[PDB]
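Protein chains in written order, with the numbering used here: chain A, 383 to 592; chain B, 189 to 400; chain C, 319 to 532; chain D, 102 to 422; chain E, 229 to 435. All C-beta atoms in this analysis are idealised placements derived from N, C-alpha and C, irrespective of residue type, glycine included. Everything below concerns the one structure shown next.
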Ligand SMILES: *[C@@H]1O[C@H](CO)[C@@H](O[C@@H]2O[C@H](CO)[C@@H](O[C@H]3O[C@H](CO)[C@@H](O)[C@H](O)[C@@H]3O)[C@H](O)[C@H]2NC(C)=O)[C@H](O)[C@H]1NC(C)=O
Ligand SMILES: *[C@@H]1O[C@H](CO)[C@@H](O[C@@H]2O[C@H](CO)[C@@H](O)[C@H](O)[C@H]2NC(C)=O)[C@H](O)[C@H]1NC(C)=O
Ligand SMILES: *[C@@H]1O[C@H](CO)[C@@H](O)[C@H](O)[C@H]1NC(C)=O
C-alpha cells in the first residue's frame, strides 16, 4: 500500500487527538507509530494493536478499524507536538515495509517574553537587540519586523527563529546583527514591531544611540 | 458372493462340557471372522473379532481359532447362561455375510413339570370365546405331550401350545397349552377327562382338572 | 452412555414405506461404518445394508433399489428408507456399528425394531385374568386376539421378575396372536402377586387388569 | 533434500490404533510425512484397517512416472496432502472413473490420480492389493499385518498443490476457450465434454500439463510459462521441537505470531526470532519448508495462481471424422 | 543495551563517492533488518530500504532503487549506505534503525541510530571561538553571561556544565549567516550572579 496520512492535524488543545493513517495493508497488518520531535531521532511509540514500549506515556494508544489505523493521544500537552509516522508490512512483499507520509501536531502554550540574555557586549556598540520575537505562537504565526530607520529593513539581519526547546516547550527566540560598529554611529533609532505583543511578548528595547 | 456355513446347526451339551462350533467360508477371508452370541429376543453380542481376539467383558471360556476358510469357536466349560444362538460373520467383504446360526441347547437331569390349570374368567365367558389353559412349569425334557380333556374324547382342534425358551438359570422349559371353546360347547361340557399326559419324567397320570 | 436406539418400525401395508431410524449416543455415526441388519422371525441374521464413513453405500441383493441407507449429522441419525415392502421384509431390524479396530466387527448394536408387512389391521390386546384355581400357585395374564406382534408384559412395573414366564406369541386360527404370561408364587397373602401392570403394545393401551382370587 | 519435511518415517506397531485429528498446521504436516492421511483415506473409503507408509513415510511413496520432479521438493504438496489440509477432496473412485494404463498397479493398496474435474483415489481393503491392471483388489498375504510400506502407495503425475487466488468466472471461460483452441482434436477428457464432437474414438492415455484454478474443470495447456516465487508466507514454515516432534497448535501460534521462537534465516527475516535466553526447556524452532515456492502460470495471455499445477496422465477422446 | 551508533557528521565533495556506517551492539546483529530513512533539512522523513545483514539481503523503496546501495559486514556488525555519486540534493540526515518483527503482522523500528548528516558543502570548514565578555550592566529579564561561537558546519557539541552561576542553560541553535552562524546562550538562573566567571567552554568542531 502507501499509508496515506493527513499532512497536519489541527490544534487539539488539551483534548484527545486521533492521528490516522489508512492503507490496504492495514487490513491484515498492525501499524507501528513513531514520533519525531524536531531535532531528535524518531521514537517508536506504538508497535502492535496497543502494545507500547516502556517509557512512552500511557496516553498513547493504538487502534485498528479496518483499512485504517489510529494513534490516539488522550491528554495532548506540549510534549506531543511532533511529527507522527505510521509504518506497516508491505502488502505485496512479506519482507518489505511501507512508511506513511507523516502527520504534524499542534498544541497551546503560555506566552513569555524572555529576550536574548547577552548580546556579546563589545567596546563599540554595533547594535542592540531591537528584534521582535515570535516566542509562544498563540495561533498561526505573526513574526515581527525590524526598522533601522523606521522602515522595512534591508541591511543584513540574522533571523534566529529557533525550534522547540526540549526543556521549555515554548518556541524561545532571539536575534542580533553585526555591523562592525562603523555605520550605526550615524542613525540612532532602531525599532522592531511584533504586532502581537499581547502573546508574542515584544522585548524590543529602545537604542537611540550611535 | 461368500457363503458362510456353520456345520453344527443345532448343538446340545451338559453344563461344564466343552463345545466346538465350526464355521467354513466359501473363499479365504484371512482372519476377518467374528463370532456373535444372541440370546432369544435380544440383540446379538459380539464375542470374538479377528477370529481369535476376545471382546472386552466376554468370559474367558470363549475362545476363537482358525484362519483362511476354517474357523472354530470353543466354549471351554459350558455354563447354564451360555444357551444362545452363535453366529459366524465375515468382515472381509462389504457384504458382512452372516452364517446360519448354531443353537446351543443345554442338557441336565430330568425335572418333573409342575402342572396348573386355569378355566376362563368371567370376561372370557362374556366375550364368547372362553378358553381353558394348562401350564407346565420347570421341566427339562421339552417333550411334554398333553392331550386335551373334554369328555374322555381326544380333541385335535383349537389346541394351541406355546413353549418358552430354555431358562438361563436352571435350563428348564415351561409350556402352556390352551384350548378355546365356544360358549355352547363350554356350557354343555361340565366335566373334564383328566386323562394321561406324557412326559419324559414318570408322570403319566398327573393332570389337574376343573368342573363347571 | 454409548448406545443405538431404533425407531419408526411397525405395521406396514405391502408395497408401503416406513423409514426406520436409529439415534446414536456417544457415536458420531458420520465417523463410523454404520450397518443395518435384519432377522426374520425364527430365522438367522441377515445383513441388509452398510454405509462407510466416507459415504459409500452397499446393499443386499434382495433389497437393492428398494432400500436406501442414509446419514444425517444433526440429531446424529442413521436412517433406512424402505420402499415396495413385501412379506419377506417382515423382520427385526438392528442398526449396528462396524468398528475398524475390530476388523469391522459389529461391536455396537441397537435393541432392534420389528417391522411387519401385512394387510391386516391392528387391534387391542383384550386381556383377561387366569386367577389361581383351588385345584392348582400361578396367576397369569392372558392376551387374546391382538394382531401386532410386539407385546411386552412386565408384571410389577418391572419390580417382579422371579417366576416370570412370558410365553412366545402363537398365531391364532383367526389370524391374531395370543399371549399366556404367568408367574408362579406358592403364597404371598395378596401382596405383590396381583394388582400390577400386565400389557402394553403398539396401540396406546396399557390394560392393568387385576387377577383377584375367585 | 528429498527426505521428510518435519517427521521421520513412522514406526507403527498397533494396526488398530486410532488416527487423531490434530488442529495444528505443523501436526498436520507431520501426519502428512508419515502417510497418516492416506491411511485415514483408506480407513474411511476402502474398509481397510491399519497404516501405510511403514518405515518409509511419504518420501518413499511410489510415483508415476518414476522420474518425478516435484517429489524431490519435499515441500510441494500432492493432491492427498492438500486433501488432508482441507484444500481439496480426493474422491473415492466409482466404476465410471477410468484407470490410466502405464503405472505398475501390482501390489498397490492406494493410488490416486488427478482427473479432468478433480482428484480420484482407488483403495483396497484389509489384506488385499491391486492386480496388475489395477482393476481389482485381490487377497495378498503380504498385506495381512496392516502396517504396509510406502511403495504400496502410488501417486500418478507430477503435481504440486498450493493456496490459490480465485479468478472470476469470465477469466475461467477465457482460459477454457484458449485451451479449446489449443486442443481442437480433443472431445472428452475423463468422460467430460471438452469440445463438442460428432463421433469420437475410445479413451486413450493423454499426458498433458494442467492447472486447477478452482472451477468446474481443469485448464489443460500446451504452451505456457511458469515462475516460482517465494512469498515467505506463514504456511511456508513448519515448527518442530527437535526430538519431541511437531509443535502443538498453541506453541506454533505463539511462535508464528510473537517472534520469540528460534528459527532459520528465512523465518527470522519474515517473522523475527529470539535466540538465547532460554525461557523454556527447549523452544520450538520454525524452519522453511523446502519447496521452490508458489507457482504463477502465464497462459493464454494472463497470469494466474492455480490451486494445483501439474503434468499428469489423463484419459482423452479424439475426434473421429 | 541494544544500540546503533553512527558517525556524528560526514562532509564530502559533491559528486564524490561516500559511505556512511551504522554499527549495532547489544544483540546478534545478523538477526534483524537494518532500515535507512532520510530527512532533508526542514522536510519530512523518507524511507529508503532495509538490509538483512545475515545474508546481506535488500528491499528498497521504489523511489530509492539506484540512488543508494546498502551493504552489510556481519563480522564487525555494521551496515553501510553508499552513493558513488554524492550529487547535491543528498545533504540530509540519515537514520539507521533496527527492524523488530513479531510474526507477519508487526514491523517496528524499536532502536534508532542518532543520524549522519551528509552535506554536499561546496565550501570549506573552519571554526574560531573566543570572546572576553567582561562583566557589565547591560537589562531586567536579560542577565549577563559568556557566549562564543563561529564556524561554517553545524557540530556545536559544547558541553560545559554550569547554570547555578552563569551560562549553563541549553545552547542557542545555528542560523545561516551567509557561510557562518551565530553565538550561544548565556541565560542565568538568578540575576544576582550577573558578574559571572569564564568557564572552560569545551568547544569541539568535528566538521
Ligand atoms: C476420515 O474421516 C475422519 C472422520 O470422519 C476425518 O477426520 C476428522 O475427524 C474429526 C473428528 O473425528 C473431525 O474434525 C472436525 O472437528 C474438529 C474439532 O475436533 C474441527 O476443528 C475440524 O475443523 C473438523 O471440523 C472431522 O470429521 C475430520 N476432519 C476434517 C477436517 O473434516 C478424516 O479427515 C477423514 N479422512 C479423509 C482422508 O478424508
Ligand atoms: C492400540 O492399543 C491397544 C493394543 O496395544 C488397543 O487399545 C484398546 O482398543 C480398544 C478398542 O477400542 C479400546 O476399547 C481400549 O480402551 C484400548 N485400550 C486398552 C488398554 O484396551 C488397540 O489395539 C489400539 N487402540 C485402539 C484405541 O484401538
Ligand atoms: C547470530 O545468529 C547466526 C545465525 O543463527 C549465528 O550463525 C551467529 O553465530 C550468531 N551470532 C552470535 C554472536 O552468536
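For residue i, list the residues DSSP reports as bridge partners.
i                      : result
residue 261 of chain B : B/209, B/252
residue 278 of chain B : B/221
residue 518 of chain C : C/470
residue 459 of chain C : C/447, C/499
residue 377 of chain B : Looking at the DSSP assignment, residue 377 of chain B forms no beta bridge with any residue, so it has no partner.
residue 364 of chain C : C/356
residue 351 of chain C : C/416
residue 387 of chain A : A/403
Can we count residue i as close to ligand 1, meaning its CB is less than 6 Å from some heavy atom?
i                      : result
residue 349 of chain C : yes
residue 145 of chain D : yes
residue 371 of chain C : yes
residue 519 of chain C : no
residue 122 of chain D : yes
Nearer than 6 Å: is that true of the beta carbon of residue i relative to any heavy atom of ligand 3?
i                      : result
residue 256 of chain E : yes
If you measure from the CB of residue i, is any heavy atom of ligand 5 nearer than 6 Å?
i                      : result
residue 141 of chain D : With respect to ligand 5, the structure offers nothing, as its ligand set consists of ligand 1, ligand 2 and ligand 3.
Is there a C-beta anywhere in chain C that falls below 7 Å from the one on residue i?
i                      : result
residue 271 of chain B : no
residue 352 of chain B : yes
residue 344 of chain B : no
Would a check of beta-carbon distances place residue i closer than 7 Å to chain B?
i                      : result
residue 245 of chain D : yes
residue 208 of chain D : no
residue 446 of chain C : yes
residue 498 of chain C : yes
residue 505 of chain C : no
residue 486 of chain C : yes
Comparing the C-beta of residue i with each C-beta of chain D, is any distance below 7 Å?
i                      : result
residue 216 of chain B : yes
residue 282 of chain B : yes
residue 477 of chain A : yes
Less than 6 Å between the CB of residue i and some heavy atom of ligand 2, yes or no?
i                      : result
residue 118 of chain D : yes
residue 239 of chain B : no
residue 562 of chain C : Given a span of 319 to 532 for chain C in the structure shown, any question on residue 562 of chain C remains unanswerable.
residue 115 of chain D : yes
residue 300 of chain E : no
residue 419 of chain C : yes
Would you say residue i lies against chain E (beta-carbon separation less than 7 Å)?
i                      : result
residue 443 of chain A : no
residue 277 of chain D : no
residue 499 of chain A : yes
- Residues in the stretch 321–341 of chain E having any Cβ partner in chain D nearer than 9 Å: 327, 328, 329, 330, 331, 332, 333, 334
* Mind listing which residues of the stretch 359–379 of chain D have their C-beta closer than 7 Å to chain A's C-betas, in chain order? -> 370, 371
Q: Report the residue ranges of all alpha helix (DSSP H) runs contained in full by the stretch 259–343 of chain B; include only those spanning at least 4 residues, in chain order.
A: 310–315
Closer than 8 Å, Cβ to any Cβ of chain A: which residues of the stretch 389–413 of chain D, in chain order?
none
ask   = Mind listing which residues of the stretch 214–246 of chain D have their C-beta closer than 7 Å to chain G's C-betas, in chain order?
value = The structure shown contains no chain G; its protein chains are A, B, C, D and E.
Worksheet entry | chain A contacts from the stretch 323–353 of chain D (Cβ-Cβ distance under 7 Å) | 332, 333, 334
**Prompt:** Quick one: complete alpha helix (DSSP H) runs, 4+ long, within the stretch 272–311 of chain D?
**Reply:** none
(request) Within the stretch 337–378 of chain E, note down every full beta strand (DSSP E) run reaching 3 residues or more, in order along the chain. (result) 344–348
Beta strand (DSSP E) runs contained entirely in the stretch 513–538 of chain A, provided each spans 3 or more residues: 527–529
Q. Between the stretch 136–166 of chain D and chain C, which residues of the former have a C-beta closer than 7 Å to a C-beta of the latter?
A. 144, 145, 146, 148, 150
- prompt: Can you list the beta strand (DSSP E) stretches of 3 or more residues lying completely in the stretch 153–228 of chain D, in chain order?
  reply: 163–165, 191–193, 211–216, 219–224
Item to complete: Output, in sequence order along the chain, the residues in the stretch 406–427 of chain C whose CB is closer than 7 Å to any CB in chain D.
Response: 418, 419, 421, 422
For the stretch 219–245 of chain B, list every residue whose C-beta sits within 8 Å of some C-beta in chain C, in sequence order.
219, 220, 222, 224, 226, 231, 232, 233, 234, 237, 238, 241, 243
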